[PDB]
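[1] Give me a model of this one.
(chains A and B)
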Amino acid sequence: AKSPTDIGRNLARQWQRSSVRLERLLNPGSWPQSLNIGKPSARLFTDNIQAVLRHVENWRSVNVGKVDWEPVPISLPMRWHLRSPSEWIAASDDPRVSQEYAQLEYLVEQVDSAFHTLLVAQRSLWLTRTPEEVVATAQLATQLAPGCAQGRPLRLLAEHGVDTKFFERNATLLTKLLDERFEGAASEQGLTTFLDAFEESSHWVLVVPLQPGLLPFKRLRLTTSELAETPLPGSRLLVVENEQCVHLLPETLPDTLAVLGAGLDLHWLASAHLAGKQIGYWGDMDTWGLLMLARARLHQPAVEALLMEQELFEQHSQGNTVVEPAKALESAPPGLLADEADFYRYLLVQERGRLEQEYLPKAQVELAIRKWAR
Amino acid sequence: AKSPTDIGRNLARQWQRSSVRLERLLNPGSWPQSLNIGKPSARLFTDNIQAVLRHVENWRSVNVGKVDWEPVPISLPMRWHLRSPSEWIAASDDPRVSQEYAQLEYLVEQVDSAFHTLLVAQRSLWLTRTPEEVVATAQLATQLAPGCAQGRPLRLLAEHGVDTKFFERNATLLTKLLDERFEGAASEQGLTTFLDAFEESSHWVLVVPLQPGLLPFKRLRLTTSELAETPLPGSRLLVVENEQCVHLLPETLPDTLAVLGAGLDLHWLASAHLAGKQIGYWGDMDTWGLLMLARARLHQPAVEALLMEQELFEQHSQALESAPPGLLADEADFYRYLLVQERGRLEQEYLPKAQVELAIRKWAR
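    Residues are numbered from 1 along each chain as shown, chains lettered A, B, ... in the order given. See below for the structure:
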């Protein structure tokens, strides 16, 4: 013997489950749905006949759907028959449920069919975002392909919906939508890498003083653009290709700064401030690393290469070496020395040379840095 | 009239479709799957009887399942009855499909049923990772709750699977598994933010001085651990939640520093060097912003809120059940006012610069 209000409260609780929502929306075979009401207690009927009288009269005032009627001598309702979702929503009698259905119903008929399942079961994705943004984002996802940018800034990828702040408030939604179109590839690789688009904001690099008293802090992080025209303390500078090999650096070194994780943009070297000191480069031992060294030498004709020698490859060959996935170049890039060119040609012939910076003895790197600083 | 090899190639292509894989594995009633073979060409039969002869003894070497027979005078097979998945895989005749089923079957019977749908249709997630990692990560996902760390590092959050790089190679999988258990809450907030577990390092924040000569450089980025040990120059600080609002800040201010992008982590504020400094916290105007302001005020009792008055929200209009500790009376009332005032979210970025600079210079004395 449940009151009609009880069913509405119970129905609202059911709507909070993702399985219920998918069954109600994305399945026309869900309807019809019949709800049992229940017989009253015999003891209460004899003790308080008005209890069932108010109960039966309370069911006399329902008009959202149709209630099954049968005589028992007083006739009591025992089933509730709701046909349409409009009847179901109006049965819940909850504004939150009513408005959520309105938003979901609008999105279903606009957003593509492949995206219907995700949006229903992931209410948090669209709860904060306006319906216009979700529809526009879903349209953009359908017309994107892996590596579509192929080296273009993310601003220009948007056809018309570029604005100024659109992407950083829709990157999470765009990643999830692309995941179910490309079998979860966007989440694994990342939206930035998946589309092959580079963000030219700052390309932040790590700045580490190797001598206390050079900088107020101990682990800075600057930008390439700022470094292009900023004087740098210290009469020495060391460039490291990799990011997380900082522990391999000496714990101390006189008047020297280290710029780890420089990346490929070795264009800030050409400046008035940089000229005057000695610059050493210490990167990976591969075709790409030799290209970086050539670029650095082109920018500044004083780059003293460190730990890029053939004998290092010979002694540390039987460590952890892998095959380079793609040749950086089919010939020796210009700007390198004769020894560097010979080492490049040597590295070309071997099927497996990718001796990374990490897989090196700490003591040897220590002595190399000391002799460079000598 | 297709040769068994042709059907095997056709089945292999169908396996590449997410709907087919879900139908085969996650539906015991999917079986049986009967594949039509097809009648031969009458002209081809008359022109080259040996050609259709070759066809039938190509069907004499098939033993993957059972083939339906009907006599026609030469009898040709019309239907192929595949009962079990083992027959389906054996009919595919593809090494990649065979090993993919072995991994999928092994993972499904171990991993909870809540993630069965995701793994089947998102083959790229488990394709690269070892089976042990996926099983262990799924177990961790079923045993996690929002804000479980509640101010603890992620290293100790792991029950046993901490290792050294385990999360860095499994953060993406852990986020996706948590999302379907919590209705996509991990992806929106971020796994680090969702679990309330901020690492001491790698939490870089933006520091922009507002006066020449105070700092050697122009724009910096320091980890939150550094901010809790190194003394800071100047005499005033200005903390902002949103990082992408530096343009709204004024040009110059005497002896001020701006630590933008603080996030939820503000435990670095409790420091001897930061003590005795006039500081102000300018976060968003919502429940999360007020909670963050409360957390900031817990560490430092001299924090002066900026751009939080109810008048400012009311002129631009169109967490805990009760008020959290660390709110003044007006702010505590504002928290309850914003609690049920429609969609009470409004970012800093929608604030015109005319009043923002005026308020900041009002504070800057």
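[2] Tell me where chain A has strands.
    Counting by DSSP state E, one finds strands in chain A at the ranges A:33-36, A:66-68, A:79-82, A:205-209, A:220-222, A:236-240, A:257-260, A:278-282, A:304-305.
[3] What lies in contact with the shortest one?
    Right, strand A:304-305. By C-beta atoms under 8 Å, 6 or more residues apart in numbering or on different chains, the residues outside strand A:304-305 that reach it are A:278, A:279, A:280, A:281, A:293, A:337, A:340, A:372. For the C-beta atoms, the positions are set from N, CA and C on the backbone; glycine is no exception.
[4] If the third one is in a bridge, with which residues?
    Which is residue A:280. Under DSSP bridges, the beta-bridge partners of residue A:280 are residue A:238, residue A:304.
[5] And for it, the neighbour number?
    Per other C-beta atoms under 10 Å in any protein chain shown, the neighbour tally for residue A:280 reads 22.
[6] residues from the stretch 101-250 of chain A in reach of chain B?
    For the stretch 101-250 of chain A, the residues in contact with chain B (C-beta under 8 Å from any C-beta of the partner chain) are A:121-125, A:128, A:165, A:168, A:172, A:175-176, A:179-180, A:182-185, A:187-188, A:204, A:215-223, A:226, A:230, A:233.
[7] Can you select the buried ones from those in PyMOL?
    Buried members of these, defined by 16 or more other C-beta atoms under 10 Å in any protein chain shown, are picked up in PyMOL with:
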select buried, chain A and resi 121+122+123+125+172+175+176+179+180+182+183+184+185+187+188+215+217+219+220+221+222+223+230
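[8] can I assume residue A:155 is in contact with residue A:162?
    Yes: contact criterion C-beta atoms under 8 Å: residue A:155 and residue A:162 qualify, at 5.9 Å.
[9] residue boundaries of the helices in the stretch 51-200 of chain A?
    For the stretch 51-200 of chain A, helices defined by DSSP state H, counting those that start in this stretch occupy the ranges A:85-92, A:95-110, A:116-121, A:123-127, A:131-142, A:154-157, A:171-181, A:185-189, A:191-194.
[10] just to revisit the earlier point, most neighbours among the contacts of strand A:304-305, which one?
    residue A:293 (27 neighbours).
[11] Quick check: that one touching residue A:337?
    No: Residue A:293 lies out of contact with residue A:337 (C-beta under 8 Å); the separation is 9.4 Å.
[12] quick revisit: most widely separated two among the contacts of strand A:304-305?
    A:278 and A:340 (18.0 Å; C-beta to C-beta).
[13] tell me the domain ranges of chain A?
    Per automatic domain parsing, the structural domains of chain A span A:4-93, A:111-194, A:205-373.
[14] tell me which parts of the stretch 251-374 of chain A are close to chain B?
    Counting by C-beta under 8 Å from any C-beta, the stretch 251-374 of chain A has no residue next to chain B.
[15] Would you quantify the distance from the nearest residue to residue A:36 once chain neighbours are set aside to chain B?
    The shortest distance from residue A:36 to any non-neighbouring residue, by C-beta to C-beta, 6 or more residues apart in numbering or on different chains, is to residue A:79 (6.0 Å). According to C-beta to the nearest C-beta, to the nearest Å, residue A:79 stands 29 Å off from chain B.
[16] contacting residues for residue A:79?
    Contacts of residue A:79 (C-beta under 8 Å, 6+ apart): A:34, A:35, A:36, A:37, A:67, A:68.
[17] wait, what's in contact with the residue nearest to the second one when sequence neighbours are not counted?
    When you say that, I think you mean residue A:35. Among residues not flanking residue A:35 along the chain, residue A:80 sits closest, at 4.2 Å (C-beta to C-beta, 6+ apart). If you count contacts by C-beta under 8 Å, 6+ apart, residue A:80 has them with A:4, A:7, A:34, A:35, A:36, A:37, A:65, A:67, A:68, A:91.
[18] Report the buried members of those residues.
    Using 16+ other C-beta under 10 Å, the buried members of the contacts of residue A:80 are A:4, A:7, A:35, A:37, A:65, A:67, A:91.
[19] correct me, but the last one touches residue A:82?
    Meaning residue A:91. Yes: assessed by C-beta under 8 Å, residue A:91 is found in contact with residue A:82 at 6.0 Å.
[20] shared neighbours, these two?
    A:64, A:65.
[21] Now do the same contact list for the residue nearest the centre of chain A.
    Note on chain A: the residue nearest the mean C-alpha position is residue A:190, at 4.9 Å, using C-alpha atoms, centre = their mean. Residue A:190 sits next to residue A:175 when contact means C-beta under 8 Å, 6+ apart.
[22] which residues does the residue of the stretch 201-350 of chain A at minimum distance from chain B contact?
    Here the stretch 201-350 of chain A gets closest to chain B at one residue, residue A:221, 3.7 Å apart by C-beta to the nearest C-beta. Contacts for residue A:221 were tallied using C-beta under 8 Å, 6+ apart; they are A:204, A:205, A:206, A:207, B:204, B:220, B:221, B:222.
[23] Mind doing that once more with 6 Å?
    A:204, A:206, B:221 (C-beta atoms under 6 Å, 6 or more residues apart in numbering or on different chains).
[24] so what's it closest to, chain neighbours aside?
    Spatial nearest neighbour of residue A:221, chain neighbours left out: residue B:221 (3.7 Å); criterion: C-beta to C-beta, 6+ apart.
[25] Just give me the neighbour total for residue A:52.
    Counted with other C-beta under 10 Å, residue A:52 comes out at 17.
[26] let me fix that: residue A:192
    Residue A:192, neighbours per other C-beta under 10 Å, totals 14.
[27] any idea how far it is from chain B?
    Separation of residue A:192 from chain B (C-beta to the nearest C-beta): 14 Å.
[28] repeat for residue A:22
    11 Å.
[29] Would you confirm that that residue contacts residue A:118?
    No: between residue A:22 and residue A:118 there is no contact under C-beta atoms under 6 Å: 10.3 Å.
[30] Compare the two (neighbour count), which wins?
    Taking other C-beta under 10 Å, residue A:22 and residue A:118 do not tie; residue A:118 has more neighbours (18 against 15).
[31] Give the burial count for residue A:95, as a bare number.
    Per other C-beta under 10 Å, the neighbour tally for residue A:95 reads 8.
[32] Please apply the same query to residue A:305.
    21.
[33] Also the one 3 residues further on?
    Taking other C-beta under 10 Å as the neighbour definition, residue A:308 ends up with a count of 19.
[34] Got the phi and psi for it?
    Dihedral pair for residue A:308: phi -120, psi 30, per degrees, to the nearest 10.
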